[PDB]
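S.K.: Any chance you can model this:
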Amino acid sequence: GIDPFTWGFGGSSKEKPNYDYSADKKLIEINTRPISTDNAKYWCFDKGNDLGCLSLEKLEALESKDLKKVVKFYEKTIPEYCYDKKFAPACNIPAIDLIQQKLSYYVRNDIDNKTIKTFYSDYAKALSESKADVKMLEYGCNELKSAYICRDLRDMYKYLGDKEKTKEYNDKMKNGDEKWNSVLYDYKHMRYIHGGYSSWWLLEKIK
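M.R.: Numbers count the residues shown, from 1 in each chain. Pasting the structure now:
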């Protein structure tokens, strides 16, 4: 048919990630300082929270100094938790760790004329180009009803300038499942369990 959708109708739905591992690689190569797993273990073991389990897996991957374990975390473990286990706080982790936190680093370090002025537009543009991530967000919002995942799409469409889609995801935010309504799961909040575990941040602490 004329719509190219029809040319791929019924085909493989698989979306391959194109993630930038350059900061995780760099951290593994140069970091000499122990990274504390105590907080992640507290959330995984003491509190029983799967977001802490994911944080601990990320940190253990870095400890291993095997980049392949970092790749496994983002490409296998994350989708296994987001999709297969219906754990909505996994769904935005690659976006945060490998896009949001990368662009943040460019703002902090005055790289390539990136500023707070361009950041929100820049992040929306970069996230919208990462189809693997967009599809995990759509799942975490539309299927799992996580208002924080809905908010990720709301923000993306807002700074793309798509008013209809911004409204759509704003409305979906108001209808979230209470199981996901904790600042533990809000990447913008200090209480975020997974906060500070991007290598784009960890590189700042090498000191």
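
S.K.: neighbours of residue 1, just the number please.
M.R.: Residue 1 has 7 neighbouring residues, counting by other C-beta atoms under 10 Å. Backbone N, C-alpha and C define where each C-beta goes, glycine included.

S.K.: mind listing what it touches?
M.R.: The neighbourhood of residue 1, defined by C-beta atoms under 8 Å, 6 or more residues apart in numbering, consists of residue 7.

S.K.: Can you tell me which residue is spatially central in this structure?
M.R.: residue 93 (2.4 Å; C-alpha atoms, centre = their mean).

S.K.: Would you agree it is in contact with residue 57?
M.R.: No. Judged on C-beta atoms under 8 Å, residue 93 makes no contact with residue 57 at a distance of 10.5 Å.

S.K.: start to end distance for stretch 32-43?
M.R.: 25 Å (C-alpha to C-alpha, to the nearest Å).

S.K.: which residues touch it?
M.R.: By C-beta under 8 Å, 6+ apart, stretch 32-43 touches 49, 51-53, 55-56, 59-60, 62-63, 193, 197, 202, 205-207.

S.K.: same thing but 7 Å
M.R.: Stretch 32-43 has contacts (C-beta atoms under 7 Å, 6 or more residues apart in numbering) with 49, 51-52, 55-56, 59, 62, 193, 202, 206.

S.K.: what does stretch 76-95 give?
M.R.: Residues contacting stretch 76-95 (C-beta under 7 Å, 6+ apart): 17, 19, 50-51, 54, 57, 74, 127, 130, 133, 136-137, 139-140, 144, 146, 149, 152, 180, 185, 187, 194.

S.K.: Straight-line length of it, end to end?
M.R.: The first residue of stretch 76-95 is 15 Å away from its last residue (C-alpha to C-alpha).

S.K.: same deal with stretch 17-27?
M.R.: Stretch 17-27 end-to-end distance (C-alpha to C-alpha) = 21 Å.

S.K.: Just the buried residues of that stretch, please?
M.R.: The neighbour-count check on stretch 17-27 (16 or more other C-beta atoms under 10 Å) flags 17, 19, 23-24, 27 as buried.

S.K.: Among those residues, name the ones in helices.
M.R.: Within the buried residues of stretch 17-27, residues falling in helices by DSSP state H are 23-24, 27.

S.K.: counting contacts, what elements does the helix or strand residue 101 falls within pack onto?
M.R.: For residue 101, the element it lies in under DSSP states H and E is helix 101-108. When contacts are defined as 3 or more C-beta pairs under 7 Å, 6 or more residues apart in numbering; DSSP states H and E, helix 101-108 packs onto helix 116-129, helix 199-202.

S.K.: So what angle separates the directions of that helix and helix 116-129?
M.R.: 160 degrees (axes from the mean of the first three to the mean of the last three C-alpha atoms, to 10 degrees).
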